Amino acid sequence: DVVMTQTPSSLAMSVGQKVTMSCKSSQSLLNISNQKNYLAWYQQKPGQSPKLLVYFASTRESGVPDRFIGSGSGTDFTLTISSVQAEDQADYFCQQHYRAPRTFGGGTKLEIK
Amino acid sequence: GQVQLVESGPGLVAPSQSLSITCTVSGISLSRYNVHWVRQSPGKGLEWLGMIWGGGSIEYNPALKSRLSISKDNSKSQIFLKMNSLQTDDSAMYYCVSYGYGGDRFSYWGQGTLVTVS
């Protein structure tokens, strides 16, 4: 039942702007034990599988540029893109890895002009 | 490149017939990595199906749990998904995804495999 809700469902930004997209869980995803928030972010471009961008809420994956920055904790998280570049136009989902079933957010569709 | 997860399925399949998919892994050790099964469709979006931990443990999605089966073969570096009572609803792009440390990445998301239950 851990309900993952992303926002907005879609936005139109322009090259060079800070992009902010939110992701929220119905329950806290923080493991009171290691103090890590079990939440990951993904990017999916046309006809390609999704790729991981950030895990444990802020840990970037390899090759992921410094412009993508995950933040937040508990039940409210955020993926920020410091300065967007055209290549960034894609779908961004979040998935909670705290409890099984590891549900996904509904996605936010980023359109870059 | 070096590490790849290639899933292979039937493509088109008749309903209430059983699905079978195989995730073939390369470049990493299955004991040291966790493999999940997930599917994606335009209608249903992304859905987590289950996973088998490096050390045997298998978890399923509480819904599909009754029609699901996940297993593996560390010697062949393969993971298996067997879903029963197919319904035209189960059509999706199926994927295996692994997590673990020690590689040039923490995660490796497979190619996907289209299953068209028709």
Side-chain angles (χ1 to χ4, degrees), chain A residues 29 31 34 36-45 47-66 68 70 90-104, chain B residues 1-11 19-40 46-61 64 68-83 92-115:
Chain A
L29 310 175
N31 183 33
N34 65 331
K36 295 183 186 171
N37 291 277
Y38 284 82
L39 178 101
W41 285 101
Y42 309 87
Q43 175 179 62
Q44 190 176 49
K45 283 176 196 188
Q48 290 183 355
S49 79
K51 275 76 194 61
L52 178 76
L53 294 162
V54 170
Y55 57 115
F56 296 136
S58 58
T59 312
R60 287 189 206 74
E61 168 71 288
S62 305
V64 182
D66 275 309
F68 295 92
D91 291 323
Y92 296 82
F93 305 87
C94 68
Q95 183 194 3
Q96 67 91 5
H97 290 263
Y98 188 55
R99 292 289 189 260
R102 308 180 178 205
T103 53
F104 296 77
Chain B
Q2 210 170 100
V3 173
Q4 308 287 352
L5 272 58
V6 179
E7 47 280 82
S8 66
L19 174 64
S20 292
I21 304 174
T22 305
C23 180
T24 304
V25 194
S26 64
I28 59 163
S29 178
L30 288 196
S31 309
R32 305 187 53 267
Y33 280 84
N34 289 341
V35 187
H36 301 212
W37 276 114
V38 165
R39 78 180 176 195
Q40 187 185 25
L46 275 143
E47 308 184 314
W48 185 81
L49 309 177
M51 72 175 284
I52 174 163
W53 294 81
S57 299
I58 308 156
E59 299 186 57
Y60 297 103
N61 181 304
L64 326 153
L68 287 176
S69 175
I70 299 175
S71 62
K72 75 170 179 166
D73 188 342
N74 292 310
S75 58
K76 290 183 120 198
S77 285
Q78 302 190 287
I79 306 84
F80 305 100
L81 181 62
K82 180 63 163 281
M83 179 153 104
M93 179 69 93
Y94 289 61
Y95 300 108
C96 49
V97 186
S98 70
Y99 292 100
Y101 317 80
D104 269 345
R105 294 188 75 79
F106 173 60
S107 73
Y108 302 105
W109 198 299
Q111 299 169 328
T113 194
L114 204 60
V115 165

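Note on naming: letters A, B, ... go to the chains in the order of the sequence lines (proteins, then strands), and numbering restarts at 1 for each one. These values consider heavy atoms only, across backbone and side chains, with no hydrogens, waters or symmetry-generated copies.
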Who passes side chain to side chain donor-acceptor pair (under 3.5 Å) against [X], sequence neighbours left out?
{"X": "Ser49(A)", "answer": "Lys51(A)"}
{"X": "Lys72(B)", "answer": "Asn74(B)"}
{"X": "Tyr60(B)", "answer": "none"}
{"X": "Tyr108(B)", "answer": "none"}

> For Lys36(A) and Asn31(A), what are the C-alpha separation, side-chain angles and deciding distance, and is it a side chain to side chain contact (heavy atoms under 4.5 Å, CB included)?
Replying inline: CA-CA 6 Å; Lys36(A) 295 183 186 171; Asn31(A) 183 33; 5.8 Å; no
> Does the pair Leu81(B) and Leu68(B) meet the rule for a side chain to side chain contact (heavy atoms under 4.5 Å, CB included), with working shown?
Replying inline: CA-CA 7 Å; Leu81(B) 181 62; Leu68(B) 287 176; 3.7 Å; yes
Could you pull out every donor-acceptor pair under 3.5 Å between side chains of residues 57-65 of chain A and any protein atom, sequence neighbours left out?
| residue | atom | partner | partner atom | Å |
| --- | --- | --- | --- | --- |
| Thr59(A) | OG1 | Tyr55(A) | O | 3.2 |
| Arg60(A) | NE | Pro65(A) | O | 3.3 |
| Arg60(A) | NE | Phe68(A) | O | 3.1 |
| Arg60(A) | NH1 | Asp66(A) | OD1 | 3.4 |
| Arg60(A) | NH2 | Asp66(A) | O | 3.3 |
| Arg60(A) | NH2 | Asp66(A) | OD1 | 3.2 |
| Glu61(A) | OE1 | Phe106(B) | N | 3.1 |
| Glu61(A) | OE2 | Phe106(B) | N | 3.1 |
| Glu61(A) | OE2 | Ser107(B) | N | 3.0 |
| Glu61(A) | OE2 | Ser107(B) | OG | 3.0 |
| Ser62(A) | OG | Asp104(B) | O | 3.0 |

>> Applying ring pair (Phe, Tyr, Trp, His ring centres under 6.0 Å), can you list everything that pairs with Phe56(A), at least two apart in sequence or on another chain?
In response: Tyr38(A)
>> Going by ring pair (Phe, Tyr, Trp, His ring centres under 6.0 Å), name the residues that satisfy it together with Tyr92(A), two or more places apart in sequence or in a different chain.
In response: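 Partners of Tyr92(A) by the ring pair (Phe, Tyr, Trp, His ring centres under 6.0 Å) criterion come out as none, since no residue qualifies.
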Within the 4.5 Å heavy-atom criterion, are [X] and [Y] side-chain neighbours or not?
{"X": "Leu46(B)", "Y": "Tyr42(A)", "value": "no"}
{"X": "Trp37(B)", "Y": "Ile79(B)", "value": "yes"}
{"X": "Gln44(A)", "Y": "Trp109(B)", "value": "no"}
{"X": "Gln96(A)", "Y": "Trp48(B)", "value": "no"}

> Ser98(B) and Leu5(B): which non-hydrogen atoms are nearest, and at how many Å?
Replying inline: N-CD2, 3.7 Å
>> So which atom in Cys96(B) and which in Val35(B) form the shortest heavy-atom distance, rounded to 0.1 Å?
In response: CB-CG1, 4.0 Å
Quick one: does any side-chain atom of [X] pair with a main-chain N or O of [Y] as donor and acceptor, under 3.5 Å?
{"X": "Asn34(B)", "Y": "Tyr99(B)", "answer": "no"}
{"X": "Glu7(B)", "Y": "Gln111(B)", "answer": "yes"}
{"X": "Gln4(B)", "Y": "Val6(B)", "answer": "no"}

>> What verdict does the side chain to side chain contact (heavy atoms under 4.5 Å, CB included) test give for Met51(B) and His97(A), after you've listed the backbone C-alpha separation in whole Å, the side-chain angles of each residue and the deciding distance to 0.1 Å?
In response: CA-CA 12 Å; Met51(B) 72 175 284; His97(A) 290 263; over 6 Å; no
>> Looking at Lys82(B), I'd like to know if its NZ atom is crowded, meaning that more than 12 non-hydrogen atoms belonging to other residues, nucleotides or ligands lie closer than 6.0 Å.
In response: no
>> Please enumerate all residues that pass side-chain contact (heavy atoms from CB on, under 4.5 Å) together with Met93(B), with sequence neighbours excluded.
In response: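 For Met93(B), the residues satisfying side-chain contact (heavy atoms from CB on, under 4.5 Å) (neighbours in sequence not counted) are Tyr95(B), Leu114(B).
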>> side chain to side chain contact (heavy atoms under 4.5 Å, CB included), that's the test. Do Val25(B) and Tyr33(B) meet it? Break it down for me.
In response: CA-CA 11 Å; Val25(B) 194; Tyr33(B) 280 84; over 6 Å; no
> What pairs of residues pass the salt bridge (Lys or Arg N to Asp or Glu O under 4.0 Å) test when at least one of them lies in residues 23-34 of chain B, not counting sequence neighbours?
Replying inline: none
Can you tell me how far [atom2] of [Y] sits from [atom1] of [X], rounded to the nearest 0.5 angstrom?
{"X": "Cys23(B)", "Y": "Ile70(B)", "atom1": "SG", "atom2": "CD1", "result": "11.0 Å"}
{"X": "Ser69(B)", "Y": "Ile58(B)", "atom1": "OG", "atom2": "CD1", "result": "7.0 Å"}
{"X": "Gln43(A)", "Y": "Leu52(A)", "atom1": "CD", "atom2": "CG", "result": "11.0 Å"}
{"X": "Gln95(A)", "Y": "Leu29(A)", "atom1": "CD", "atom2": "CG", "result": "11.0 Å"}
{"X": "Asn37(A)", "Y": "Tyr98(A)", "atom1": "CG", "atom2": "OH", "result": "10.0 Å"}

> Got a sec, which pairs hit side chain to side chain donor-acceptor pair (under 3.5 Å) with one end in residues 20-30 of chain B, sequence neighbours left out?
Replying inline: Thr24(B)-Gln78(B)
> For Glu47(B), which residues count as a salt bridge (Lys or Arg N to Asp or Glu O under 4.0 Å) partner, sequence neighbours excluded?
Replying inline: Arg39(B)
